[PDB]
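Novice: Sending over run_0.cif (mmCIF, C-alpha atoms (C1' of nucleotides); chains and numbers go by the auth columns).
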data_protein
loop_
_atom_site.group_PDB
_atom_site.id
_atom_site.type_symbol
_atom_site.label_atom_id
_atom_site.label_comp_id
_atom_site.label_asym_id
_atom_site.label_seq_id
_atom_site.Cartn_x
_atom_site.Cartn_y
_atom_site.Cartn_z
_atom_site.B_iso_or_equiv
_atom_site.auth_seq_id
_atom_site.auth_asym_id
ATOM 1 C CA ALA A 1 0.000 0.000 0.000 0.00 1 A
ATOM 2 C CA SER A 2 2.847 2.398 0.784 0.00 2 A
ATOM 3 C CA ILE A 3 3.694 1.778 -2.847 0.00 3 A
ATOM 4 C CA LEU A 4 0.111 2.449 -3.887 0.00 4 A
ATOM 5 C CA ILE A 5 0.389 5.399 -1.567 0.00 5 A
ATOM 6 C CA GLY A 6 3.824 6.218 -2.920 0.00 6 A
ATOM 7 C CA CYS A 7 2.429 5.728 -6.399 0.00 7 A
ATOM 8 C CA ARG A 8 -0.732 7.802 -6.113 0.00 8 A
ATOM 9 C CA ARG A 9 0.932 10.313 -3.809 0.00 9 A
ATOM 10 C CA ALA A 10 3.424 10.676 -6.677 0.00 10 A
ATOM 11 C CA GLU A 11 0.499 11.307 -9.060 0.00 11 A
ATOM 12 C CA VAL A 12 0.715 7.900 -10.736 0.00 12 A
ATOM 13 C CA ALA A 13 -2.338 5.801 -10.014 0.00 13 A
ATOM 14 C CA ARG A 14 -2.365 2.051 -10.509 0.00 14 A
ATOM 15 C CA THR A 15 -5.150 -0.431 -9.910 0.00 15 A
ATOM 16 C CA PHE A 16 -5.198 -2.803 -6.965 0.00 16 A
ATOM 17 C CA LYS A 17 -4.993 -5.799 -9.283 0.00 17 A
ATOM 18 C CA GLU A 18 -1.918 -4.255 -10.892 0.00 18 A
ATOM 19 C CA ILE A 19 -0.036 -4.229 -7.620 0.00 19 A
ATOM 20 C CA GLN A 20 -1.696 -7.541 -6.794 0.00 20 A
ATOM 21 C CA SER A 21 0.169 -8.857 -9.814 0.00 21 A
ATOM 22 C CA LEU A 22 3.401 -7.639 -8.248 0.00 22 A
ATOM 23 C CA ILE A 23 2.538 -8.877 -4.763 0.00 23 A
ATOM 24 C CA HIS A 24 -0.255 -11.291 -3.929 0.00 24 A
ATOM 25 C CA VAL A 25 -1.835 -9.636 -0.901 0.00 25 A
ATOM 26 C CA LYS A 26 -5.039 -11.710 -0.675 0.00 26 A
ATOM 27 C CA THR A 27 -6.747 -8.484 -1.803 0.00 27 A
ATOM 28 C CA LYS A 28 -8.002 -8.086 1.757 0.00 28 A
ATOM 29 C CA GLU A 29 -4.899 -7.548 3.838 0.00 29 A
ATOM 30 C CA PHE A 30 -4.432 -4.772 1.309 0.00 30 A
ATOM 31 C CA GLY A 31 -7.684 -2.997 2.042 0.00 31 A
ATOM 32 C CA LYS A 32 -7.554 -2.728 5.814 0.00 32 A
ATOM 33 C CA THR A 33 -3.894 -1.763 5.640 0.00 33 A
ATOM 34 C CA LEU A 34 -4.617 1.033 3.202 0.00 34 A
ATOM 35 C CA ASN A 35 -7.306 2.767 5.248 0.00 35 A
ATOM 36 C CA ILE A 36 -5.150 3.103 8.352 0.00 36 A
ATOM 37 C CA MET A 37 -2.147 4.130 6.280 0.00 37 A
ATOM 38 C CA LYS A 38 -3.936 7.012 4.573 0.00 38 A
ATOM 39 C CA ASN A 39 -5.222 8.143 7.954 0.00 39 A
ATOM 40 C CA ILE A 40 -1.710 7.795 9.349 0.00 40 A
ATOM 41 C CA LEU A 41 -0.641 10.758 7.215 0.00 41 A
ATOM 42 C CA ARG A 42 -3.931 12.627 7.679 0.00 42 A
ATOM 43 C CA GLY A 43 -3.043 12.651 11.361 0.00 43 A
ATOM 44 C CA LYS A 44 0.559 13.381 10.410 0.00 44 A
ATOM 45 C CA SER A 45 -0.917 16.302 8.449 0.00 45 A
ATOM 46 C CA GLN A 46 -8.183 10.002 -9.201 0.00 46 A
ATOM 47 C CA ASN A 47 -8.945 7.388 -11.862 0.00 47 A
ATOM 48 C CA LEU A 48 -7.900 9.701 -14.712 0.00 48 A
ATOM 49 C CA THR A 49 -4.439 8.096 -14.616 0.00 49 A
ATOM 50 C CA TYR A 50 -5.884 4.888 -16.094 0.00 50 A
ATOM 51 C CA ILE A 51 -7.050 6.086 -19.501 0.00 51 A
ATOM 52 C CA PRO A 52 -3.618 6.435 -21.164 0.00 52 A
ATOM 53 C CA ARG A 53 -1.811 3.503 -19.593 0.00 53 A
ATOM 54 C CA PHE A 54 -4.569 1.365 -21.051 0.00 54 A
ATOM 55 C CA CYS A 55 -4.393 2.726 -24.591 0.00 55 A
ATOM 56 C CA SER A 56 -0.680 1.992 -24.783 0.00 56 A
ATOM 57 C CA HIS A 57 -1.389 -1.492 -23.468 0.00 57 A
ATOM 58 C CA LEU A 58 -3.432 -1.878 -26.635 0.00 58 A
ATOM 59 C CA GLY A 59 -0.928 0.000 -28.794 0.00 59 A
ATOM 60 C CA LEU A 60 -3.248 2.701 -30.133 0.00 60 A
ATOM 61 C CA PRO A 61 -2.567 6.162 -31.575 0.00 61 A
ATOM 62 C CA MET A 62 -3.121 9.214 -29.422 0.00 62 A
ATOM 63 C CA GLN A 63 -6.502 10.351 -30.767 0.00 63 A
ATOM 64 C CA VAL A 64 -8.390 7.312 -29.501 0.00 64 A
ATOM 65 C CA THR A 65 -6.827 8.022 -26.120 0.00 65 A
ATOM 66 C CA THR A 66 -7.156 11.767 -26.672 0.00 66 A
ATOM 67 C CA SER A 67 -10.907 11.495 -27.011 0.00 67 A
ATOM 68 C CA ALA A 68 -11.555 9.289 -23.995 0.00 68 A
ATOM 69 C CA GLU A 69 -10.423 12.042 -21.632 0.00 69 A
ATOM 70 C CA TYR A 70 -13.295 14.135 -22.940 0.00 70 A
ATOM 71 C CA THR A 71 -15.716 11.214 -23.050 0.00 71 A
ATOM 72 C CA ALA A 72 -14.929 9.696 -19.663 0.00 72 A
ATOM 73 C CA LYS A 73 -14.930 13.126 -18.034 0.00 73 A
ATOM 74 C CA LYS A 74 -18.166 13.988 -19.832 0.00 74 A
ATOM 75 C CA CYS A 75 -19.673 10.593 -19.014 0.00 75 A
ATOM 76 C CA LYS A 76 -18.580 11.231 -15.428 0.00 76 A
ATOM 77 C CA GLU A 77 -19.503 14.907 -15.288 0.00 77 A
ATOM 78 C CA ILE A 78 -23.279 14.679 -15.742 0.00 78 A
ATOM 79 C CA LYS A 79 -24.571 11.382 -14.371 0.00 79 A
ATOM 80 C CA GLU A 80 -23.768 7.653 -14.386 0.00 80 A
ATOM 81 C CA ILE A 81 -22.055 6.912 -11.063 0.00 81 A
ATOM 82 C CA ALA A 82 -21.619 3.747 -13.045 0.00 82 A
ATOM 83 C CA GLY A 83 -19.244 1.144 -11.945 0.00 83 A
ATOM 84 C CA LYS A 84 -18.261 0.049 -8.440 0.00 84 A
ATOM 85 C CA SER A 85 -14.487 0.754 -8.773 0.00 85 A
ATOM 86 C CA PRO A 86 -14.579 2.967 -11.885 0.00 86 A
ATOM 87 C CA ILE A 87 -11.630 1.029 -13.352 0.00 87 A
ATOM 88 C CA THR A 88 -14.198 -0.692 -15.549 0.00 88 A
ATOM 89 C CA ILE A 89 -16.029 2.401 -16.727 0.00 89 A
ATOM 90 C CA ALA A 90 -12.699 3.818 -17.715 0.00 90 A
ATOM 91 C CA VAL A 91 -12.136 1.031 -20.241 0.00 91 A
ATOM 92 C CA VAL A 92 -15.624 1.339 -21.679 0.00 92 A
ATOM 93 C CA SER A 93 -14.616 4.823 -22.802 0.00 93 A
ATOM 94 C CA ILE A 94 -11.894 3.179 -24.873 0.00 94 A
ATOM 95 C CA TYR A 95 -14.483 0.671 -26.042 0.00 95 A
ATOM 96 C CA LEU A 96 -16.865 3.555 -26.604 0.00 96 A
ATOM 97 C CA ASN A 97 -14.189 5.422 -28.527 0.00 97 A
ATOM 98 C CA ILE A 98 -12.554 2.441 -30.216 0.00 98 A
ATOM 99 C CA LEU A 99 -15.900 1.720 -31.822 0.00 99 A
ATOM 100 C CA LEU A 100 -16.093 5.390 -32.722 0.00 100 A
ATOM 101 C CA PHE A 101 -12.996 4.413 -34.668 0.00 101 A
ATOM 102 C CA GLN A 102 -12.853 1.140 -36.639 0.00 102 A
ATOM 103 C CA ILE A 103 -9.764 -0.607 -35.268 0.00 103 A
ATOM 104 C CA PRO A 104 -9.956 -4.305 -34.344 0.00 104 A
ATOM 105 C CA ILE A 105 -9.719 -4.502 -30.562 0.00 105 A
ATOM 106 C CA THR A 106 -12.550 -7.042 -30.385 0.00 106 A
ATOM 107 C CA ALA A 107 -14.055 -7.377 -26.900 0.00 107 A
ATOM 108 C CA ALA A 108 -12.346 -10.702 -26.228 0.00 108 A
ATOM 109 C CA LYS A 109 -8.941 -9.179 -26.974 0.00 109 A
ATOM 110 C CA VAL A 110 -9.741 -6.277 -24.643 0.00 110 A
ATOM 111 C CA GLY A 111 -10.541 -8.450 -21.665 0.00 111 A
ATOM 112 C CA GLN A 112 -7.449 -10.520 -21.018 0.00 112 A
ATOM 113 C CA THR A 113 -5.150 -7.721 -22.174 0.00 113 A
ATOM 114 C CA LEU A 114 -6.630 -5.557 -19.434 0.00 114 A
ATOM 115 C CA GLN A 115 -7.912 -8.395 -17.210 0.00 115 A
ATOM 116 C CA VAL A 116 -11.469 -7.110 -17.010 0.00 116 A
ATOM 117 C CA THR A 117 -14.878 -8.729 -16.978 0.00 117 A
ATOM 118 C CA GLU A 118 -16.559 -8.730 -20.373 0.00 118 A
ATOM 119 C CA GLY A 119 -19.972 -8.389 -18.752 0.00 119 A
ATOM 120 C CA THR A 120 -19.251 -4.978 -17.261 0.00 120 A
ATOM 121 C CA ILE A 121 -18.328 -3.884 -20.790 0.00 121 A
ATOM 122 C CA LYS A 122 -21.533 -4.497 -22.732 0.00 122 A
ATOM 123 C CA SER A 123 -23.843 -3.479 -19.894 0.00 123 A
ATOM 124 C CA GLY A 124 -21.544 -0.541 -19.331 0.00 124 A
ATOM 125 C CA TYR A 125 -21.839 -0.047 -23.085 0.00 125 A
ATOM 126 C CA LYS A 126 -25.618 -0.147 -22.723 0.00 126 A
ATOM 127 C CA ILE A 127 -25.434 3.252 -21.011 0.00 127 A
ATOM 128 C CA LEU A 128 -23.304 4.227 -24.014 0.00 128 A
ATOM 129 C CA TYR A 129 -25.158 2.923 -27.084 0.00 129 A
ATOM 130 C CA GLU A 130 -27.914 5.185 -25.671 0.00 130 A
ATOM 131 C CA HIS A 131 -25.817 8.145 -24.451 0.00 131 A
ATOM 132 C CA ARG A 132 -24.070 8.476 -27.821 0.00 132 A
ATOM 133 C CA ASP A 133 -25.571 11.942 -28.156 0.00 133 A
ATOM 134 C CA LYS A 134 -23.280 14.509 -26.538 0.00 134 A
ATOM 135 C CA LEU A 135 -19.735 13.201 -27.167 0.00 135 A
ATOM 136 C CA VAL A 136 -19.606 14.846 -30.632 0.00 136 A
ATOM 137 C CA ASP A 137 -16.556 17.078 -30.679 0.00 137 A
ATOM 138 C CA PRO A 138 -16.056 17.187 -34.466 0.00 138 A
ATOM 139 C "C1'" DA B 1 119.295 -59.124 23.402 0.00 1 B
ATOM 140 C "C1'" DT B 2 113.974 -58.198 23.154 0.00 2 B
ATOM 141 C "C1'" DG B 3 110.139 -57.949 21.881 0.00 3 B
ATOM 142 C "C1'" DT B 4 105.019 -58.757 24.147 0.00 4 B
ATOM 143 C "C1'" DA B 5 100.217 -58.452 26.860 0.00 5 B
ATOM 144 C "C1'" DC B 6 98.505 -54.032 29.274 0.00 6 B
ATOM 145 C "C1'" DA B 7 96.833 -49.954 29.816 0.00 7 B
ATOM 146 C "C1'" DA B 8 97.159 -44.116 29.673 0.00 8 B
ATOM 147 C "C1'" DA B 9 96.721 -40.420 25.218 0.00 9 B
ATOM 148 C "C1'" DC B 10 93.988 -38.698 20.864 0.00 10 B
ATOM 149 C "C1'" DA B 11 91.417 -38.126 17.576 0.00 11 B
ATOM 150 C "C1'" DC B 12 87.524 -40.306 16.146 0.00 12 B
ATOM 151 C "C1'" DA B 13 83.119 -44.006 15.005 0.00 13 B
ATOM 152 C "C1'" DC B 14 78.912 -44.663 17.962 0.00 14 B
ATOM 153 C "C1'" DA B 15 74.789 -44.204 20.385 0.00 15 B
ATOM 154 C "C1'" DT B 16 71.726 -39.846 21.766 0.00 16 B
ATOM 155 C "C1'" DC B 17 69.456 -35.477 21.609 0.00 17 B
ATOM 156 C "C1'" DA B 18 66.458 -32.599 19.506 0.00 18 B
ATOM 157 C "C1'" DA B 19 63.838 -29.812 15.793 0.00 19 B
ATOM 158 C "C1'" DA B 20 60.363 -30.843 12.596 0.00 20 B
ATOM 159 C "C1'" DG B 21 56.042 -32.860 11.052 0.00 21 B
ATOM 160 C "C1'" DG B 22 52.233 -36.177 9.492 0.00 22 B
ATOM 161 C "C1'" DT B 23 48.037 -38.047 11.889 0.00 23 B
ATOM 162 C "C1'" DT B 24 43.844 -38.291 15.587 0.00 24 B
ATOM 163 C "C1'" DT B 25 40.941 -36.459 18.036 0.00 25 B
ATOM 164 C "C1'" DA B 26 38.891 -34.262 21.932 0.00 26 B
ATOM 165 C "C1'" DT B 27 37.165 -30.257 21.751 0.00 27 B
ATOM 166 C "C1'" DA B 28 35.209 -26.740 20.591 0.00 28 B
ATOM 167 C "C1'" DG B 29 32.801 -23.583 16.818 0.00 29 B
ATOM 168 C "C1'" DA B 30 29.144 -23.585 14.350 0.00 30 B
ATOM 169 C "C1'" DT B 31 24.781 -26.354 12.609 0.00 31 B
ATOM 170 C "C1'" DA B 32 20.954 -28.048 11.792 0.00 32 B
ATOM 171 C "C1'" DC B 33 17.053 -29.729 13.465 0.00 33 B
ATOM 172 C "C1'" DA B 34 13.534 -30.736 17.881 0.00 34 B
ATOM 173 C "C1'" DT B 35 10.214 -28.306 21.775 0.00 35 B
ATOM 174 C "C1'" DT B 36 7.129 -25.785 23.116 0.00 36 B
ATOM 175 C "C1'" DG B 37 4.643 -22.195 24.787 0.00 37 B
ATOM 176 C "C1'" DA B 38 3.177 -18.064 23.373 0.00 38 B
ATOM 177 C "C1'" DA B 39 0.573 -14.714 20.993 0.00 39 B
ATOM 178 C "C1'" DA B 40 -0.439 -13.510 16.307 0.00 40 B
ATOM 179 C "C1'" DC B 41 -3.761 -15.655 13.930 0.00 41 B
ATOM 180 C "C1'" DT B 42 -8.145 -17.961 11.898 0.00 42 B
ATOM 181 C "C1'" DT B 43 -14.880 -17.951 12.449 0.00 43 B
ATOM 182 C "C1'" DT B 44 -20.798 -16.190 12.539 0.00 44 B
ATOM 183 C "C1'" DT B 45 -23.680 -13.156 10.972 0.00 45 B
ATOM 184 C "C1'" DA B 46 -26.659 -10.363 8.961 0.00 46 B
ATOM 185 C "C1'" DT B 47 -27.150 -6.601 7.466 0.00 47 B
ATOM 186 C "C1'" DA B 48 -28.370 -4.127 4.521 0.00 48 B
ATOM 187 C "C1'" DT B 49 -25.712 -1.734 1.173 0.00 49 B
ATOM 188 C "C1'" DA B 50 -23.832 -2.765 -4.722 0.00 50 B
ATOM 189 C "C1'" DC B 51 -20.316 -5.816 -6.972 0.00 51 B
ATOM 190 C "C1'" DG B 52 -18.883 -10.987 -9.849 0.00 52 B
ATOM 191 C "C1'" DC B 53 -17.859 -15.148 -10.381 0.00 53 B
ATOM 192 C "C1'" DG B 54 -18.086 -19.636 -10.187 0.00 54 B
ATOM 193 C "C1'" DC B 55 -20.625 -22.840 -9.251 0.00 55 B
ATOM 194 C "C1'" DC B 56 -26.051 -24.703 -8.267 0.00 56 B
ATOM 195 C "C1'" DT B 57 -28.714 -25.482 -11.428 0.00 57 B
ATOM 196 C "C1'" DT B 58 -30.815 -25.814 -15.546 0.00 58 B
ATOM 197 C "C1'" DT B 59 -32.383 -25.185 -21.330 0.00 59 B
ATOM 198 C "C1'" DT B 60 -30.590 -25.695 -26.050 0.00 60 B
ATOM 199 C "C1'" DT B 61 -27.409 -27.474 -28.730 0.00 61 B
ATOM 200 C "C1'" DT B 62 -24.327 -31.438 -29.960 0.00 62 B
ATOM 201 C "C1'" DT B 63 -22.729 -35.822 -31.064 0.00 63 B
ATOM 202 C "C1'" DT B 64 -21.851 -42.580 -32.457 0.00 64 B
ATOM 203 C "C1'" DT B 65 -23.923 -47.323 -33.535 0.00 65 B
ATOM 204 C "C1'" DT B 66 -27.520 -50.511 -35.759 0.00 66 B
#
When written as structure tokens, how does the structure in this file appear?
Specialist:
Amino acid sequence: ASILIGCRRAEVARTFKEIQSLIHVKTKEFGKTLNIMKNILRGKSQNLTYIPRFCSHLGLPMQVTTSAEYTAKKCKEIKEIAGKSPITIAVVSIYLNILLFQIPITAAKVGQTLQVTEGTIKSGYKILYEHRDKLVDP
DNA sequence: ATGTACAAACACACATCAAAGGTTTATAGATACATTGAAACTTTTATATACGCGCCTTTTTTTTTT
């Protein structure tokens, strides 16, 4: 966690699974340890980071990533709490925007590359195949 | 005349002393287990809250011999 602290506190945010890949922490000993730790400094006293690191993991040009910052922020800004650990609803912006482009990143390839449920995608994409109205920049 | 068994030098052949060193092993360093008690550890639950995932469980599709 002090890494996840040290990471996020250094303005680089990584998912719990990502560190879990580095160290298997039973995903639970992580959580309780984090809460105290954060409050350790508070007494001693940001999911945006995920959009680009994902695009590169798929090897995409900047525009597809460029757009998602607008889309995810705009999808976040109005409504759609949408997600229970917004890690997922980040990726759907790529999926939203990758389909706005025509580049083969077929859902199955997305999943294992980013180790995400496929179900959260399409249902997450439900709120997108309907919200396709206001993301028109050009 | 006359040299011979006998025992003293007189410098030496002979038994002794002494440094060195492999080998053995208690003896100890360090070693790897063997003990155990002790506290750091596990469990319910239900309880809604809002998740999945796999597995309970099932419906629809899928496949060899006479």
Novice: Specify as a tab-separated table (two decimals) with C-alpha atoms (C1' of nucleotides), in the coordinates of the input all residues of chain B found within 10 Å of chain A, counting only C-alpha atoms (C1' of nucleotides).
Specialist:
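Output below, filename result.tsv:
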chain	number	residue	atom	x	y	z
B	50	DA	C1'	-23.83	-2.76	-4.72
B	51	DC	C1'	-20.32	-5.82	-6.97
B	52	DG	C1'	-18.88	-10.99	-9.85
B	53	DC	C1'	-17.86	-15.15	-10.38
Novice: Rounded to one decimal place, report the CA of residue 12 in chain A-CA of residue 64 in chain A distance in Å.
Specialist: 20.9 Å
Novice: Residues within 12 Å of range 74-80 of chain A, please, as a list in words. Count all atoms listed in the file; anything in the same chain fewer than 5 positions from it doesn't count.
Specialist: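 Result of the neighbour search: residues 47, 48, 67, 68, 69, 86, 89, 90, 92, 93, 96, 124, 125, 126, 127, 128, 130, 131, 132, 133, 134, 135, 136 and 137 of chain A.
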Novice: What does the distance from CA of residue 106 in chain A to CA of residue 121 in chain A come to in Å, to one decimal?
Specialist: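 Between CA of residue 106 in chain A and CA of residue 121 in chain A the gap works out to 11.6 Å.
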Novice: Compare A:29, A:98, A:36, A:73 by their minimum atom-to-atom distance to residue 61 in chain A, counting all atoms listed in the file, and give me the closest one.
Specialist: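 The answer is A:98, which sits nearest to residue 61 in chain A.
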Novice: Which of these, A:4, A:108, A:10, A:87, has the shortest distance to residue 30 in chain A once you count all atoms listed in the file?
Specialist: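 Once distances to residue 30 in chain A are computed over all atoms listed in the file, the minimum belongs to A:4.
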Novice: Just give me the gap between CA of residue 7 in chain A and CA of residue 37 in chain A in Å, one decimal is fine.
Specialist: 13.6 Å
Novice: Tell me which protein, DNA and RNA residues are within 12 Å of residue 1 in chain A, counting all atoms listed in the file, leaving out same-chain ones fewer than 4 positions away, and put them as an NGL selection string.
Specialist: :A and (5-9 or 13-16 or 18-20 or 22-25 or 27-38)
Novice: Limited to C-alpha atoms, could you put the picked residues into a file as a JSON list (two decimals), in the frame of the given file?
Specialist:
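So part.json came out as:
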[["chain", "number", "residue", "atom", "x", "y", "z"],
["A", 5, "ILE", "CA", 0.39, 5.40, -1.57],
["A", 6, "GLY", "CA", 3.82, 6.22, -2.92],
["A", 7, "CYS", "CA", 2.43, 5.73, -6.40],
["A", 8, "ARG", "CA", -0.73, 7.80, -6.11],
["A", 9, "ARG", "CA", 0.93, 10.31, -3.81],
["A", 13, "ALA", "CA", -2.34, 5.80, -10.01],
["A", 14, "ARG", "CA", -2.37, 2.05, -10.51],
["A", 15, "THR", "CA", -5.15, -0.43, -9.91],
["A", 16, "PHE", "CA", -5.20, -2.80, -6.96],
["A", 18, "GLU", "CA", -1.92, -4.26, -10.89],
["A", 19, "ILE", "CA", -0.04, -4.23, -7.62],
["A", 20, "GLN", "CA", -1.70, -7.54, -6.79],
["A", 22, "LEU", "CA", 3.40, -7.64, -8.25],
["A", 23, "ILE", "CA", 2.54, -8.88, -4.76],
["A", 24, "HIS", "CA", -0.26, -11.29, -3.93],
["A", 25, "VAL", "CA", -1.84, -9.64, -0.90],
["A", 27, "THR", "CA", -6.75, -8.48, -1.80],
["A", 28, "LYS", "CA", -8.00, -8.09, 1.76],
["A", 29, "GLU", "CA", -4.90, -7.55, 3.84],
["A", 30, "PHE", "CA", -4.43, -4.77, 1.31],
["A", 31, "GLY", "CA", -7.68, -3.00, 2.04],
["A", 32, "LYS", "CA", -7.55, -2.73, 5.81],
["A", 33, "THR", "CA", -3.89, -1.76, 5.64],
["A", 34, "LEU", "CA", -4.62, 1.03, 3.20],
["A", 35, "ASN", "CA", -7.31, 2.77, 5.25],
["A", 36, "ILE", "CA", -5.15, 3.10, 8.35],
["A", 37, "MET", "CA", -2.15, 4.13, 6.28],
["A", 38, "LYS", "CA", -3.94, 7.01, 4.57]]
Novice: How big is the axis-aligned box around all listed atoms of range 28-31 of chain B once 8 Å goes on each side, and where's its centre, in Å to one decimal, as AutoDock Vina command-line options?
Specialist:
--center_x 30.0 --center_y -25.2 --center_z 16.6 --size_x 26.4 --size_y 19.2 --size_z 24.0
Novice: Between A:129, A:58, A:123, A:81, which residue has the minimum interatomic distance to residue 94 in chain A, considering only C-alpha atoms?
Specialist: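 Result for the nearest residue to residue 94 in chain A: A:58.
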